[PDB]
file entry23.csv (CSV, C-alpha atoms and all ligand atoms)
chain,number,residue,atom,x,y,z
A,1,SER,CA,133.7,95.1,140.4
A,2,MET,CA,130.1,96.2,139.7
A,3,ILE,CA,127.6,93.7,138.3
A,4,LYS,CA,126.5,95.3,135.0
A,5,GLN,CA,123.5,95.0,132.7
A,6,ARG,CA,123.8,92.8,129.6
A,7,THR,CA,122.4,92.9,126.1
A,8,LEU,CA,123.1,90.8,123.0
A,9,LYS,CA,126.4,91.4,121.2
A,10,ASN,CA,124.9,90.7,117.8
A,11,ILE,CA,121.6,90.1,115.9
A,12,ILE,CA,120.2,86.6,116.2
A,13,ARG,CA,117.7,84.9,113.8
A,14,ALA,CA,115.7,81.7,114.0
A,15,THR,CA,112.8,80.2,112.2
A,16,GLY,CA,110.1,77.8,113.5
A,17,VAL,CA,106.4,77.2,114.0
A,18,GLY,CA,104.1,78.2,116.8
A,19,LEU,CA,103.3,75.3,119.2
A,20,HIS,CA,99.7,76.3,119.4
A,21,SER,CA,99.0,78.2,116.2
A,22,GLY,CA,101.1,76.0,114.0
A,23,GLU,CA,102.1,79.1,111.9
A,24,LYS,CA,105.5,79.6,110.5
A,25,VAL,CA,107.3,82.5,112.2
A,26,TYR,CA,110.6,84.3,111.8
A,27,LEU,CA,112.2,85.5,115.1
A,28,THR,CA,114.9,88.1,115.4
A,29,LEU,CA,116.8,89.1,118.6
A,30,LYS,CA,118.4,92.5,118.7
A,31,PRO,CA,120.5,94.4,121.2
A,32,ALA,CA,118.8,97.1,123.3
A,33,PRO,CA,120.0,100.0,125.4
A,34,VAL,CA,120.3,99.9,129.2
A,35,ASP,CA,117.1,99.7,131.2
A,36,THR,CA,115.1,98.6,128.2
A,37,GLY,CA,114.1,95.1,129.6
A,38,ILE,CA,112.9,92.5,127.1
A,39,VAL,CA,110.6,93.9,124.5
A,40,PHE,CA,108.6,91.9,122.1
A,41,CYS,CA,107.7,93.4,118.8
A,42,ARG,CA,105.3,92.3,116.0
A,43,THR,CA,107.0,93.3,112.8
A,44,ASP,CA,104.3,91.7,110.7
A,45,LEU,CA,102.0,94.6,111.7
A,46,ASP,CA,102.1,98.3,110.5
A,47,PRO,CA,102.8,100.1,112.6
A,48,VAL,CA,104.9,97.7,114.6
A,49,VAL,CA,103.5,96.9,118.0
A,50,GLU,CA,105.9,96.6,120.9
A,51,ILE,CA,104.9,94.8,124.1
A,52,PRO,CA,107.3,94.9,127.1
A,53,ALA,CA,107.8,91.5,128.6
A,54,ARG,CA,106.3,92.5,131.9
A,55,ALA,CA,103.7,91.1,134.3
A,56,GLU,CA,101.3,94.0,133.6
A,57,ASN,CA,101.1,93.1,130.0
A,58,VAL,CA,100.2,89.4,130.5
A,59,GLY,CA,96.9,88.6,128.9
A,60,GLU,CA,95.5,85.1,128.9
A,61,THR,CA,97.3,82.2,130.6
A,62,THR,CA,94.9,79.5,129.6
A,63,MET,CA,97.6,77.4,127.7
A,64,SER,CA,100.9,79.3,127.6
A,65,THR,CA,102.0,82.7,128.8
A,66,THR,CA,100.7,85.4,126.5
A,67,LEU,CA,101.4,89.1,126.2
A,68,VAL,CA,98.6,91.5,125.0
A,69,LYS,CA,98.4,95.1,124.0
A,70,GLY,CA,95.0,96.1,122.7
A,71,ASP,CA,94.0,93.6,120.0
A,72,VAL,CA,97.6,92.4,119.6
A,73,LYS,CA,99.0,89.2,121.1
A,74,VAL,CA,102.4,87.5,121.5
A,75,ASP,CA,101.8,83.9,122.5
A,76,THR,CA,104.1,81.4,124.3
A,77,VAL,CA,106.9,83.7,125.6
A,78,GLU,CA,107.8,81.4,128.5
A,79,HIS,CA,110.6,79.3,126.9
A,80,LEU,CA,112.5,82.1,125.3
A,81,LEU,CA,112.1,84.3,128.4
A,82,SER,CA,113.5,81.3,130.4
A,83,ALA,CA,116.5,81.3,128.1
A,84,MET,CA,116.9,85.0,128.6
A,85,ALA,CA,116.7,84.8,132.3
A,86,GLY,CA,119.1,81.8,132.4
A,87,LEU,CA,121.8,83.7,130.5
A,88,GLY,CA,121.2,87.0,132.5
A,89,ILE,CA,120.1,89.1,129.5
A,90,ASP,CA,118.6,92.4,130.7
A,91,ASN,CA,117.9,94.2,127.5
A,92,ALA,CA,116.8,92.9,124.1
A,93,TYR,CA,114.2,93.3,121.3
A,94,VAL,CA,112.5,90.1,120.2
A,95,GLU,CA,111.0,90.7,116.7
A,96,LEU,CA,108.3,88.2,115.5
A,97,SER,CA,106.7,87.9,112.2
A,98,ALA,CA,103.6,86.2,113.7
A,99,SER,CA,101.7,86.1,116.9
A,100,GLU,CA,103.5,83.1,118.5
A,101,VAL,CA,107.1,82.5,119.4
A,102,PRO,CA,108.6,79.5,117.6
A,103,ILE,CA,108.6,76.3,119.7
A,104,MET,CA,112.0,75.1,118.3
A,105,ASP,CA,112.7,71.6,119.9
A,106,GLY,CA,110.2,72.4,122.8
A,107,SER,CA,113.0,73.4,125.2
A,108,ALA,CA,115.1,76.5,125.8
A,109,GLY,CA,118.2,74.7,124.4
A,110,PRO,CA,118.1,76.3,120.9
A,111,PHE,CA,117.5,79.8,122.3
A,112,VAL,CA,120.4,79.6,124.8
A,113,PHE,CA,122.6,78.3,122.0
A,114,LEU,CA,121.6,80.9,119.5
A,115,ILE,CA,122.2,83.6,122.1
A,116,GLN,CA,125.6,82.4,123.2
A,117,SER,CA,126.7,81.9,119.6
A,118,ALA,CA,126.0,85.6,119.0
A,119,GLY,CA,127.5,86.5,122.3
A,120,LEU,CA,126.5,88.8,125.2
A,121,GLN,CA,127.6,92.4,125.7
A,122,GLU,CA,128.1,94.1,129.1
A,123,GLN,CA,126.7,97.6,129.4
A,124,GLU,CA,127.7,100.6,131.5
A,125,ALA,CA,124.9,100.3,134.1
A,126,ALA,CA,124.4,98.5,137.3
A,127,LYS,CA,122.2,95.3,137.0
A,128,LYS,CA,119.1,95.6,139.1
A,129,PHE,CA,117.8,92.7,141.1
A,130,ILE,CA,114.5,92.1,143.0
A,131,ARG,CA,115.3,90.7,146.4
A,132,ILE,CA,112.5,88.8,148.2
A,133,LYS,CA,112.3,90.2,151.7
A,134,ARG,CA,109.2,88.3,153.0
A,135,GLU,CA,107.2,85.3,152.0
A,136,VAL,CA,104.5,85.7,149.4
A,137,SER,CA,102.2,82.9,148.4
A,138,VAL,CA,99.1,82.4,146.2
A,139,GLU,CA,96.8,79.4,146.3
A,140,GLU,CA,93.9,78.1,144.3
A,141,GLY,CA,92.5,74.7,145.4
A,142,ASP,CA,95.5,72.5,146.1
A,143,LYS,CA,97.7,74.5,143.8
A,144,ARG,CA,100.3,76.8,145.4
A,145,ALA,CA,103.1,79.2,144.2
A,146,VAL,CA,105.4,80.8,146.7
A,147,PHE,CA,108.3,83.3,146.9
A,148,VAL,CA,110.6,82.7,149.9
A,149,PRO,CA,113.6,84.9,151.0
A,150,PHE,CA,116.8,83.2,149.9
A,151,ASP,CA,120.2,84.7,149.3
A,152,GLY,CA,120.6,83.3,145.8
A,153,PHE,CA,118.3,82.0,143.2
A,154,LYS,CA,116.5,78.6,143.6
A,155,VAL,CA,113.4,77.1,142.0
A,156,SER,CA,111.7,74.0,143.3
A,157,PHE,CA,108.6,72.4,141.8
A,158,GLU,CA,106.4,69.4,142.4
A,159,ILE,CA,103.9,67.9,140.0
A,160,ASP,CA,101.2,65.4,140.7
A,161,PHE,CA,100.1,63.5,137.5
A,162,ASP,CA,98.3,60.2,138.1
A,163,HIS,CA,99.8,58.7,135.0
A,164,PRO,CA,101.7,55.4,134.5
A,165,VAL,CA,104.6,57.4,132.8
A,166,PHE,CA,105.2,59.2,136.1
A,167,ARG,CA,104.8,56.1,138.5
A,168,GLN,CA,108.0,64.4,140.1
A,169,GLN,CA,109.8,66.8,142.5
A,170,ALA,CA,113.0,68.8,141.9
A,171,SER,CA,114.8,71.7,143.5
A,172,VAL,CA,117.5,73.5,141.6
A,173,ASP,CA,119.9,75.9,143.4
A,174,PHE,CA,121.6,77.9,140.7
A,175,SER,CA,124.6,78.7,142.8
A,176,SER,CA,125.6,75.0,142.4
A,177,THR,CA,123.7,74.0,139.3
A,178,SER,CA,123.9,75.1,135.6
A,179,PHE,CA,120.7,76.3,134.1
A,180,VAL,CA,122.2,75.5,130.7
A,181,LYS,CA,123.2,72.0,131.5
A,182,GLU,CA,120.5,70.8,133.9
A,183,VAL,CA,117.4,72.8,133.0
A,184,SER,CA,117.6,74.4,129.5
A,185,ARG,CA,117.2,71.2,127.4
A,186,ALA,CA,114.0,70.1,129.2
A,187,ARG,CA,111.2,69.8,126.6
A,188,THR,CA,107.6,70.8,126.9
A,189,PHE,CA,105.1,67.9,127.0
A,190,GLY,CA,101.5,66.9,126.4
A,191,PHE,CA,99.1,63.9,126.5
A,192,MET,CA,97.3,62.0,123.9
A,193,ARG,CA,94.4,62.0,126.3
A,194,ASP,CA,94.0,65.8,125.8
A,195,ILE,CA,95.1,66.3,122.2
A,196,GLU,CA,91.8,65.7,120.4
A,197,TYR,CA,90.1,68.3,122.6
A,198,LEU,CA,93.1,70.7,122.1
A,199,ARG,CA,93.2,70.3,118.3
A,200,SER,CA,89.4,70.9,118.2
A,201,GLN,CA,90.0,74.2,119.9
A,202,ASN,CA,92.8,75.0,117.4
A,203,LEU,CA,95.4,74.6,120.2
A,204,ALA,CA,98.7,72.7,120.0
A,205,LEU,CA,98.4,72.7,116.2
A,206,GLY,CA,102.2,72.7,115.8
A,207,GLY,CA,102.9,70.1,118.5
A,208,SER,CA,104.5,66.8,117.6
A,209,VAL,CA,107.2,64.4,118.8
A,210,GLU,CA,109.6,66.8,117.0
A,211,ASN,CA,109.0,69.6,119.5
A,212,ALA,CA,107.4,67.9,122.6
A,213,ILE,CA,107.4,64.8,124.7
A,214,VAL,CA,104.1,63.2,123.6
A,215,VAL,CA,102.8,60.9,126.3
A,216,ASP,CA,100.3,58.2,125.4
A,217,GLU,CA,98.3,56.0,127.9
A,218,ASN,CA,100.9,53.3,128.1
A,219,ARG,CA,104.2,55.0,126.9
A,220,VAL,CA,106.0,58.0,125.6
A,221,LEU,CA,105.6,58.2,121.8
A,222,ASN,CA,109.1,59.7,121.2
A,223,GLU,CA,111.3,56.9,120.0
A,224,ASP,CA,114.5,58.7,121.1
A,225,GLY,CA,113.8,58.9,124.9
A,226,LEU,CA,114.1,61.4,127.7
A,227,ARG,CA,116.9,64.0,128.0
A,228,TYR,CA,116.7,64.0,131.8
A,229,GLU,CA,115.4,61.2,134.0
A,230,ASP,CA,113.1,63.9,135.5
A,231,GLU,CA,112.6,65.9,132.3
A,232,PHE,CA,108.9,66.6,133.1
A,233,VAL,CA,109.4,68.5,136.4
A,234,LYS,CA,112.5,70.1,135.0
A,235,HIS,CA,110.4,71.6,132.2
A,236,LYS,CA,107.9,73.0,134.7
A,237,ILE,CA,111.0,74.6,136.4
A,238,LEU,CA,112.0,76.0,133.0
A,239,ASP,CA,108.5,77.4,132.6
A,240,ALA,CA,108.6,79.0,136.0
A,241,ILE,CA,111.9,80.7,135.3
A,242,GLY,CA,110.5,82.3,132.1
A,243,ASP,CA,107.3,83.2,133.8
A,244,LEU,CA,109.1,84.8,136.8
A,245,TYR,CA,111.3,86.8,134.4
A,246,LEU,CA,108.2,88.9,133.7
A,247,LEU,CA,109.1,90.8,136.9
A,248,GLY,CA,111.6,92.6,134.6
A,249,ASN,CA,114.6,91.9,136.8
A,250,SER,CA,116.6,88.9,138.0
A,251,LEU,CA,115.3,87.5,141.3
A,252,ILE,CA,117.2,87.1,144.5
A,253,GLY,CA,115.1,84.5,146.3
A,254,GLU,CA,113.4,81.1,146.0
A,255,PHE,CA,110.3,80.0,144.0
A,256,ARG,CA,108.3,77.0,145.0
A,257,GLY,CA,105.5,75.6,142.8
A,258,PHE,CA,103.1,72.8,143.8
A,259,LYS,CA,100.9,71.9,140.7
A,260,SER,CA,101.4,75.5,139.5
A,261,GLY,CA,101.0,76.7,135.9
A,262,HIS,CA,101.3,79.9,133.9
A,263,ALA,CA,98.1,81.3,135.4
A,264,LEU,CA,99.1,80.9,139.0
A,265,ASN,CA,102.7,82.0,138.3
A,266,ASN,CA,101.4,85.3,137.0
A,267,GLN,CA,99.0,85.6,140.0
A,268,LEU,CA,102.1,85.2,142.2
A,269,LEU,CA,103.9,87.9,140.3
A,270,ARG,CA,101.0,90.3,140.7
A,271,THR,CA,100.7,89.6,144.4
A,272,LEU,CA,104.5,90.2,144.9
A,273,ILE,CA,104.4,93.4,142.9
A,274,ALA,CA,101.5,94.8,144.8
A,275,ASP,CA,103.0,93.9,148.2
A,276,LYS,CA,105.8,96.5,148.2
A,277,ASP,CA,106.9,95.6,151.6
A,278,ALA,CA,107.8,92.0,150.4
A,279,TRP,CA,110.6,93.1,148.1
A,280,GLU,CA,113.3,95.7,147.3
A,281,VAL,CA,115.4,96.5,144.3
A,282,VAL,CA,119.2,96.2,144.8
A,283,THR,CA,122.3,96.6,142.7
A,284,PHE,CA,125.9,95.4,143.3
A,285,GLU,CA,128.6,98.1,142.8
A,286,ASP,CA,130.6,96.0,145.2
A,287,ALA,CA,130.0,92.3,144.4
A,288,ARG,CA,131.5,90.8,147.5
A,289,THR,CA,128.1,90.0,149.0
A,290,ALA,CA,126.5,89.0,145.7
A,291,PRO,CA,125.1,85.4,145.9
A,301,LIG,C1,97.9,60.3,116.2
A,301,LIG,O1,97.4,61.6,116.2
A,301,LIG,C2,98.3,62.6,116.9
A,301,LIG,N1,99.5,62.2,117.3
A,301,LIG,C3,100.4,62.9,117.9
A,301,LIG,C4,99.9,64.3,118.2
A,301,LIG,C5,100.9,65.2,118.9
A,301,LIG,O2,100.6,65.0,120.3
A,301,LIG,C6,100.8,66.1,121.1
A,301,LIG,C7,100.0,66.3,122.3
A,301,LIG,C8,100.2,67.4,123.1
A,301,LIG,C9,101.2,68.3,122.7
A,301,LIG,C10,101.5,69.5,123.7
A,301,LIG,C11,102.9,69.9,123.9
A,301,LIG,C12,103.1,71.1,124.8
A,301,LIG,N2,102.0,71.8,125.5
A,301,LIG,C13,102.3,72.9,126.4
A,301,LIG,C14,102.6,72.2,127.8
A,301,LIG,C15,102.9,73.2,129.0
A,301,LIG,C16,103.2,72.3,130.3
A,301,LIG,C17,104.1,74.1,128.7
A,301,LIG,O3,105.1,73.6,128.4
A,301,LIG,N3,103.9,75.5,128.8
A,301,LIG,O4,105.0,76.4,128.5
A,301,LIG,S1,101.4,74.1,129.3
A,301,LIG,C18,100.0,73.0,129.7
A,301,LIG,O5,101.6,75.1,130.4
A,301,LIG,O6,101.0,75.0,128.2
A,301,LIG,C19,100.6,71.3,125.3
A,301,LIG,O7,99.7,71.9,125.8
A,301,LIG,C20,100.3,70.2,124.4
A,301,LIG,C21,102.0,68.1,121.6
A,301,LIG,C22,101.8,67.1,120.8
A,301,LIG,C23,98.7,64.7,117.8
A,301,LIG,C24,97.8,63.8,117.1
A,301,LIG,CL1,96.1,64.4,116.6
A,302,ZN,ZN,106.7,75.1,128.7
call {"tool": "encode", "arguments": {"input": "entry23.csv", "output": "structure tokens", "more": "lines below"}}
Ligand SMILES: COc1ncc(COc2ccc(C3=CCN(CC[C@@](C)(C(=O)NO)S(C)(=O)=O)C(=O)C3)cc2)cc1Cl
Ligand SMILES: [Zn+2]
result
Amino acid sequence: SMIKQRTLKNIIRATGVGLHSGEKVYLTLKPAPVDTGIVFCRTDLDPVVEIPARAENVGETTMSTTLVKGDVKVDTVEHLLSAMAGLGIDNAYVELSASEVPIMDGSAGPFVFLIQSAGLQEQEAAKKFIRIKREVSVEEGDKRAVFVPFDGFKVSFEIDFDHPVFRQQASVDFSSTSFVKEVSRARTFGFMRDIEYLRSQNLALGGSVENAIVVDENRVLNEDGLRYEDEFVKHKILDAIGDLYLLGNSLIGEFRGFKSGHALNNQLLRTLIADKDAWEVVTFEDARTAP
């Protein structure tokens, strides 16, 4: 039986604050027809401005992943897009009453729960996948992000913080591992060493122990502890999954990041897209060879 596109079964609402802007924001997820993709929509503006969640619309990547259209921004899409990718949602509208997606608890957990509580709806159209046919890598200094052919979906990531809290590598093959259980609850994180500079630039205004792992010099400040023994590298993997979903289709292949971030993730997407001989679009009317 054919693998079909999926949208949301029902409308989903959530409230929160932007990690970086600190502004209160109302979020609304709505079903969308086949071949819509994920589309963000600023409903605080008149007319409403819609920005497709696609690599070509990525603006700055200095802190989070940001979408731009003219003068209009949608900040910090990566954790919600990761939740969307992890649940295989092809088509959806994401309405926002402000320029930044709410941070929630810092992870994708709340989004995957809200989505699954509403339910998913299968649609009468073949789901399209992007299959990696040949290796594609981008580098900058010692940082590196790579796509590798792989009959499945696998994300591996390595970070290199010289910090006592870290004393940092994980590979997740999603044919054996649940995104929901092992990745989705990984919270974003930041350092007291950086926060005075960030706040002076009006960044991370909404960040606190309520929505992030806050790492001091000599300890984590959150009194409740880590959700995963390797929560930090698992959050980087979460980030990559949402960043990679800006291809606009589920990936058949492997991502490897070494000290990568949103900027290098998007550069890898742009290199992949331009190298047409490195990938092809496939559907599964007969699912017997599907990974
Ligand atoms: C005593 O006074 C204070 N006490 C506590 C605080 C709060 O402390 C912080 C410090 C940092 C953060 C951040 C949390 C999350 N992030 C995004 C991370 C990223 C990996 C990501 O997850 N992207 O999706 S990244 C680089 O790619 O954007 C940040 O940058 C900073 C939150 C609270 C403040 C004061 Cl003043
Ligand atoms: Zn993140």
call {"tool": "atom_distance", "arguments": {"input": "entry23.csv", "atom1": "CA of residue 194 (chain A)", "atom2": "CA of residue 100 (chain A)"}}
result
21.0 Å
call {"tool": "closest_residue", "arguments": {"input": "entry23.csv", "among": "A:251, A:202, A:14, A:46", "to": "residue 148 (chain A)", "atoms": "all atoms listed in the file"}}
result
A:251
call {"tool": "atom_distance", "arguments": {"input": "entry23.csv", "atom1": "CA of residue 176 (chain A)", "atom2": "CA of residue 188 (chain A)"}}
result
24.1 Å
call {"tool": "residues_near_ligand", "arguments": {"input": "entry23.csv", "ligand": "ligand LIG 301 (chain A)", "cutoff": "9 Å", "atoms": "all atoms listed in the file", "output": "VMD selection string"}}
result
chain A and resid 19 to 20 61 to 65 76 to 79 106 to 107 187 to 196 198 to 199 203 to 216 221 232 235 to 236 238 to 240 242 to 243 261 to 263
call {"tool": "closest_residue", "arguments": {"input": "entry23.csv", "among": "A:101, A:54, A:137, A:38", "to": "ligand ZN 302 (chain A)", "atoms": "only C-alpha atoms and all ligand atoms"}}
result
A:101
call {"tool": "closest_residue", "arguments": {"input": "entry23.csv", "among": "A:132, A:180, A:170, A:159", "to": "residue 252 (chain A)", "atoms": "all atoms listed in the file"}}
result
A:132
call {"tool": "residues_near_point", "arguments": {"input": "entry23.csv", "point": "(102.8, 91.8, 129.2)", "cutoff": "8 Å", "atoms": "only C-alpha atoms", "output": "JSON list (two decimals) with C-alpha atoms, in the coordinates of the input"}}
result
[["chain", "number", "residue", "atom", "x", "y", "z"],
["A", 51, "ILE", "CA", 104.90, 94.80, 124.10],
["A", 52, "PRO", "CA", 107.30, 94.90, 127.10],
["A", 53, "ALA", "CA", 107.80, 91.50, 128.60],
["A", 54, "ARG", "CA", 106.30, 92.50, 131.90],
["A", 55, "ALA", "CA", 103.70, 91.10, 134.30],
["A", 56, "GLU", "CA", 101.30, 94.00, 133.60],
["A", 57, "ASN", "CA", 101.10, 93.10, 130.00],
["A", 58, "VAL", "CA", 100.20, 89.40, 130.50],
["A", 59, "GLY", "CA", 96.90, 88.60, 128.90],
["A", 66, "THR", "CA", 100.70, 85.40, 126.50],
["A", 67, "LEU", "CA", 101.40, 89.10, 126.20],
["A", 68, "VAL", "CA", 98.60, 91.50, 125.00],
["A", 69, "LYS", "CA", 98.40, 95.10, 124.00],
["A", 246, "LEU", "CA", 108.20, 88.90, 133.70]]
call {"tool": "residues_near_point", "arguments": {"input": "entry23.csv", "point": "(108.9, 94.8, 147.1)", "cutoff": "9 Å", "atoms": "only C-alpha atoms", "output": "number ranges by chain"}}
result
A: 130-134, 272-281
call {"tool": "closest_residue", "arguments": {"input": "entry23.csv", "among": "A:75, A:35, A:139, A:182", "to": "residue 231 (chain A)", "atoms": "all atoms listed in the file"}}
result
A:182
call {"tool": "residues_around", "arguments": {"input": "entry23.csv", "residues": "residue 17 (chain A)", "least_positions_apart": "5", "cutoff": "8 Å", "atoms": "all atoms listed in the file", "output": "count of residues only"}}
result
10
call {"tool": "atom_distance", "arguments": {"input": "entry23.csv", "atom1": "CA of residue 26 (chain A)", "atom2": "CA of residue 43 (chain A)"}}
result
9.7 Å
call {"tool": "residues_around", "arguments": {"input": "entry23.csv", "residues": "residue 88 (chain A)", "least_positions_apart": "4", "cutoff": "10 Å", "atoms": "all atoms listed in the file", "output": "list in words"}}
result
residues 5, 6, 7, 82, 83, 84, 120, 127, 249 and 250 of chain A
call {"tool": "closest_residue", "arguments": {"input": "entry23.csv", "among": "A:157, A:260, A:8, A:141", "to": "residue 34 (chain A)", "atoms": "all atoms listed in the file"}}
result
A:8
call {"tool": "build_atoms", "arguments": {"input": "entry23.csv", "residues": "region 107-126 of chain A", "atoms": "N, CA and C atoms", "output": "tab-separated table (two decimals), in the frame of the given file"}}
result
chain	number	residue	atom	x	y	z
A	107	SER	N	112.24	73.03	124.03
A	107	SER	CA	113.00	73.40	125.20
A	107	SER	C	113.53	74.84	125.05
A	108	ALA	N	114.39	75.25	125.98
A	108	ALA	CA	115.10	76.50	125.80
A	108	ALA	C	116.50	76.30	125.22
A	109	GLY	N	116.89	75.06	124.97
A	109	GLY	CA	118.20	74.70	124.40
A	109	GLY	C	118.57	75.53	123.20
A	110	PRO	N	117.71	75.51	122.17
A	110	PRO	CA	118.10	76.30	120.90
A	110	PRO	C	118.20	77.74	121.17
A	111	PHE	N	117.37	78.34	122.03
A	111	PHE	CA	117.50	79.80	122.30
A	111	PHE	C	118.82	80.07	123.06
A	112	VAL	N	119.16	79.28	124.08
A	112	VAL	CA	120.40	79.60	124.80
A	112	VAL	C	121.60	79.41	123.85
A	113	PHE	N	121.53	78.45	122.91
A	113	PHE	CA	122.60	78.30	122.00
A	113	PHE	C	122.73	79.44	121.00
A	114	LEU	N	121.60	79.79	120.37
A	114	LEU	CA	121.60	80.90	119.50
A	114	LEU	C	122.15	82.19	120.18
A	115	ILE	N	121.70	82.43	121.41
A	115	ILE	CA	122.20	83.60	122.10
A	115	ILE	C	123.66	83.55	122.37
A	116	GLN	N	124.16	82.41	122.85
A	116	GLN	CA	125.60	82.40	123.20
A	116	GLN	C	126.46	82.35	121.97
A	117	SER	N	125.97	81.82	120.85
A	117	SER	CA	126.70	81.90	119.60
A	117	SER	C	126.90	83.37	119.18
A	118	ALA	N	125.84	84.17	119.31
A	118	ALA	CA	126.00	85.60	119.00
A	118	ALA	C	126.85	86.29	120.03
A	119	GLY	N	126.79	85.87	121.28
A	119	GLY	CA	127.50	86.50	122.30
A	119	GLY	C	126.71	87.51	123.12
A	120	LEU	N	127.13	87.76	124.36
A	120	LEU	CA	126.50	88.80	125.20
A	120	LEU	C	127.46	89.99	125.28
A	121	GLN	N	126.87	91.14	125.60
A	121	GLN	CA	127.60	92.40	125.70
A	121	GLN	C	127.30	93.05	127.03
A	122	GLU	N	128.33	93.34	127.81
A	122	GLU	CA	128.10	94.10	129.10
A	122	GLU	C	127.87	95.53	128.77
A	123	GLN	N	127.02	96.16	129.58
A	123	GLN	CA	126.70	97.60	129.40
A	123	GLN	C	127.04	98.37	130.65
A	124	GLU	N	127.23	99.67	130.44
A	124	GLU	CA	127.70	100.60	131.50
A	124	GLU	C	126.49	101.02	132.36
A	125	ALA	N	125.97	100.06	133.12
A	125	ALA	CA	124.90	100.30	134.10
A	125	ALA	C	124.80	99.18	135.03
A	126	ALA	N	124.47	99.49	136.28
A	126	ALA	CA	124.40	98.50	137.30
A	126	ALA	C	123.15	97.58	136.97
